[PDB]
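Okay, structure first, notes after.
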């Protein structure tokens with residue numbers, strides 16, 4: 016036999032960039048405030064898996080590739 | 016036999032970029048405030064899985080690829 | 016036989032860069048404050064796995080590739 | 016007799032000011048050029064006077080009180 | 016007799032100021048050039064006077080009180 | 016008799032100031048050049064006077080009280 020199995024992954028290519036951010040900002044006054052008292056997630060897989068709990072109270076400004084990846088690739092189970 | 020299995024993944028390519036963000040901002044006054052007291056998610060898979068709990072109280076500004084990916088690819092179960 | 020198995024991974028290439036960040040900012044006054052009292056996640060896989068708990072109360076500014084990757088690739092189980 | 020002679024002068028009062036000029040100018044490219052080959056004035060008073068010759072090839076931006084004053088006040092001649 | 020003669024002068028009062036000039040100028044490129052070959056004034060008073068010759072090839076930016084004053088006040092001539 | 020003669024002068028009062036000039040200037044490139052070959056003024060008063068010759072090839076930026084004053088106050092001539 017000639018069984019062929021080929022999974023894949025997270026191949027990334029950005030290129031160029033020069034994002035320069037935020038420049039030339041005369042006088043501002045950022046006075047943010049964050050205060051949380053909840054958001055308790057959970058997850059209870061039994062047979063299969065790759066649950067992904069996630070909590071945040073951030074400001075969430077993303078420039079390039081701010082992912083929170085979590086991979087689980089090409090699993091198997093026979094129990095012969 | 017010649018069984019052929021080929022999964023895929025998260026292949027990304029951005030290219031160029033030069034996003035420059037936010038520039039030339041005369042005097043502002045950001046005074047944001049965040050205060051949460053709830054949003055508790057959950058999830059209880061039993062046989063299959065890859066539940067994905069997610070909570071946020073952010074501001075959520077995205078420039079490029081602000082994903083929150085979670086993969087579970089090509090699972091199997093025989094129990095022979 | 017000629018069985019061929021080929022998984023993949025996280026191949027990345029950024030290129031160029033020169034992100035320059037944030038420059039030329041006349042007098043500002045950042046006075047942020049963070050105070051949390053909750054967000055306790057969990058996860059209980061039994062047979063399969065690669066759960067990924069994650070908690071944050073940050074500000075979450077990302078310039079390039081701020082991921083939180085977690086991989087689990089090409090697992091197997093026979094129990095012969 | 017009670018002859019009373021009262022001339023006047025250049026009394027000035029500006030007040031306040033805070034002219035701030037020209038601010039917050041992202042990248043420009045001033046490439047001015049001046050080249051003159053003439054403008055020769057003259058003046059030949061004989062009996063009375065206070066002629067005022069003036070020549071310029073400037074750019075002439077004025078913010079406040081850019082005068083070129085020249086005074087000659089309360090003259091007399093008797094030749095008794 | 017009670018002859019009363021009262022001339023005046025150049026009384027000035029600015030007040031306040033805080034002119035701040037020109038601030039927050041990202042990258043420019045001033046490449047001015049001045050080259051003159053003329054502008055020869057003159058003046059020939061005979062009996063009276065206070066002629067005022069003046070020549071310039073400047074750029075002439077004035078912020079406050081850039082005068083070029085020249086005074087000649089309360090002259091007399093009797094030749095008794 | 017009670018003859019009263021009262022001339023005046025150049026009384027000045029600025030007040031406050033804090034002119035701050037020109038600040039926060041990212042990379043520039045001043046390459047000015049001045050080259051003159053003329054502007055020869057003159058003046059020939061005979062009986063009265065206070066002529067004022069003046070020549071310049073400057074750039075002429077003035078912040079506060081850049082005058083070029085020249086006074087001649089309360090002259091007399093009797094020749095008794």
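Chains as they are written, first to last, in the entry's author numbering: chain E, 16 to 95; chain F, 16 to 95; chain D, 16 to 95; chain C, 16 to 95; chain B, 16 to 95; chain A, 16 to 95. Ideal placement from N, C-alpha and C gives every residue a C-beta, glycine not left out.
Could you tell me the distance, in whole angstroms, from the CA atom of residue 65 of chain C to the CA atom of residue 65 of chain B?
One-based indexing of the fourth chain puts residue 65 of chain C at position 50. One-based indexing of the fifth chain puts residue 65 of chain B at position 50. Each residue's Cα considered, the two are about 5 Å apart.
What residue range does the beta strand (DSSP E) around residue 29 of chain E cover?
In the first chain, counting from the first residue as 1, residue 29 of chain E sits at position 14. In this chain, residue 29 of chain E is not harboured by any beta strand (DSSP E), its DSSP state being neither H nor E.
Can you give me the C-alpha to C-alpha distance between residue 25 of chain D and residue 93 of chain F, rounded to a whole angstrom?
The residue you call residue 25 of chain D lines up with position 10 of the third chain. The residue you call residue 93 of chain F lines up with position 78 of the second chain. Cα to Cα, residue 25 of chain D sits roughly 29 Å from residue 93 of chain F.
Are there 16 or more other CB atoms within 10 angstroms of the CB of residue 71 of chain E, so buried, or fewer, so exposed?
Position 56 of the first chain, counted from the start, is the residue given in the question as residue 71 of chain E. Label assigned to residue 71 of chain E: buried.
Please classify residue 56 of chain B: is it buried, with 16 or more other beta-carbons within 10 angstroms of its beta-carbon, or exposed?
For this step, residue 56 of chain B is matched to residue 41 along the fifth chain. Taking all protein chains shown into account, residue 56 of chain B has 16 or more neighbouring C-beta atoms within 10 Å of its C-beta and is therefore buried.
So, under 8 Å CB-CB, residue 23 of chain D and residue 80 of chain D are touching, yes? Tell me the CB distance rounded to an integer number of Å.
Residue 23 of chain D sits at position 8 when you count from the first residue of the third chain. Residue 80 of chain D sits at position 65 when you count from the first residue of the third chain. With 8 Å as the limit, residue 23 of chain D and residue 80 of chain D do not qualify as a contact, their Cβ atoms being about 18 Å apart.
Do residue 68 of chain D and residue 68 of chain E have their beta-carbon atoms positioned less than 8 Å apart in this structure?
Start at 1 with the first residue of the first chain, and residue 68 of chain E comes out as number 53. Start at 1 with the first residue of the third chain, and residue 68 of chain D comes out as number 53. Yes, the pair counts as a contact, with Cβ atoms nearer than the cut-off.
Hey, residue 44 of chain E and residue 91 of chain F: beta-carbon distance below 8 Å or not?
The residue given as residue 44 of chain E occupies position 29 in the first chain. The residue given as residue 91 of chain F occupies position 76 in the second chain. In this structure, residue 91 of chain F does not lie closer than 8 Å to residue 44 of chain E by Cβ.
Among B/48, B/30 and B/53, whose alpha-carbon lies nearest the alpha-carbon of residue 73 of chain A?
Numbered from its first residue, the sixth chain carries residue 73 of chain A at position 58. Nearest C-alpha to residue 73 of chain A: B/48.
From the DSSP output, in three-state form, read off residue 87 of chain D for me.
Along the third chain, one-based indexing puts residue 87 of chain D at 72. Note: residue 87 of chain D maps to coil in three-state DSSP.
Can you list, in chain order, the residues of its chain with a C-beta nearer than 8 Å to that of residue 61 of chain E? Leave out the 5 residues immediately preceding and following it.
If you number the first chain from 1, residue 61 of chain E lands on position 46. Here the set comprises nothing.
Considering residue 21 of chain C, what are the terminal residues of the beta strand (DSSP E) in which it resides?
Position 6 of the fourth chain, counting from 1, holds the residue named residue 21 of chain C. That run of the beta strand (DSSP E) goes 19-21.
Element boundaries [beta strand (DSSP E), containing residue 51 of chain E]
For the purposes of this step, residue 51 of chain E is identified with residue 36 of the first chain, where counting begins at 1. Where residue 51 of chain E is concerned, the enclosing beta strand (DSSP E) stretches over 49-51.
Flag residue 77 of chain E as yes if its beta-carbon sits less than 8 Å from any beta-carbon of chain I, otherwise no.
Looking at the structure shown, chain I is missing, and the protein chains on hand are E, F, D, C, B and A.
On the CB-based measure, 16 or more other CB atoms within 10 Å of its CB, does residue 39 of chain F come out buried or exposed?
The count along the second chain starts at 1 and reaches residue 39 of chain F at position 24. Residue burial is scored here from C-beta neighbours: residue 39 of chain F has fewer than 16 other C-beta atoms within 10 angstroms and is therefore classed as exposed.
If we count the other Cβ atoms within 10 Å of its Cβ and call it buried at 16 or more, is residue 35 of chain E buried or exposed?
In the first chain, residue 35 of chain E corresponds to position 20, counting from 1. Flag for residue 35 of chain E reads buried.
Hey, how far is the Cα of residue 32 of chain A from the Cα of residue 75 of chain B?
In the sixth chain, residue 32 of chain A corresponds to position 17, counting from 1. In the fifth chain, residue 75 of chain B corresponds to position 60, counting from 1. Looking at the two C-alpha atoms, the distance is approximately 21 Å.
Whole angstroms is fine: what's the gap from residue 54 of chain B's alpha carbon to residue 58 of chain A's?
Translated into the one-based positions of the fifth chain, residue 54 of chain B becomes position 39. Translated into the one-based positions of the sixth chain, residue 58 of chain A becomes position 43. Their backbone Cα atoms lie some 15 Å apart in a straight line.
Under the assumption that residue 29 of chain F contacts residue 20 of chain E (Cβ atoms under 8 Å), give the Cβ distance between them as a whole number of angstroms.
The residue you call residue 29 of chain F lines up with position 14 of the second chain. The residue you call residue 20 of chain E lines up with position 5 of the first chain. Not confirmed; about 30 Å, so no contact.
Among C/42, C/87 and C/82, which residue has its Cα nearest to the Cα of residue 63 of chain C?
Walking along the fourth chain from the start, residue 63 of chain C turns up at place 48. Per the Cα distances, C/87.
Distance, Cα to Cα, residue 41 of chain B vs residue 78 of chain E?
In the fifth chain, counting from the first residue as 1, residue 41 of chain B sits at position 26. In the first chain, counting from the first residue as 1, residue 78 of chain E sits at position 63. Distance from the CA of residue 41 of chain B to the CA of residue 78 of chain E, rounded to the nearest whole angstrom, comes to 23 Å.
According to DSSP, which residues form a beta bridge with residue 43 of chain B?
Within the fifth chain, residue 43 of chain B is the residue found at index 28, counting from 1. None, per the DSSP bridge assignment.
Could you name the residues of the same chain whose beta carbon sits closer than 7 Å to that of residue 84 of chain E, not counting the 5 residues immediately before and after it, in chain order?
On the first chain, residue 84 of chain E is found 69 positions in, with the first residue counted as 1. Cβ within range, chain order: 25.
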